[PDB]
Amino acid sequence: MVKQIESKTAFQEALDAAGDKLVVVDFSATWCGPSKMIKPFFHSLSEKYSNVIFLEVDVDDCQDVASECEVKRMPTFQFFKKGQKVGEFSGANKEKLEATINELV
């Protein structure tokens, strides 16, 4: 499953509760074609990688998080461990998404 993040405070709670596990954040936009196209895939990943935390930040519904995280384009995937960013790329690239998870778990 994927937790929808609605605030900076919810985002910090998520990062802190993850312990040392990989956290994958999909920064998405409802109006963005490529965001919608990778969303099913992102959810499917969340069900396979039961040891990994998946979050979604909608950049309109939760702009301050998109902003503090320096998001410039959607989809953007950021990767976190122990509250620290350990990866990032942009684009609806499924192969790159699965690979980066495999590289960072």
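In this text, residue numbers run from 1 along the sequence as written.
Higher mean CA B-factor, judged across 27-35 and 63-71 from the recorded values: 63-71. Residue 42 sits in the middle third of its chain by CA B factor, as recorded in the PDB entry. Residue 49: CA B factor lies in the highest third for its chain, per the PDB record. Ranked within its chain, residue 82 lands in the highest third, by CA B factor from the PDB record.
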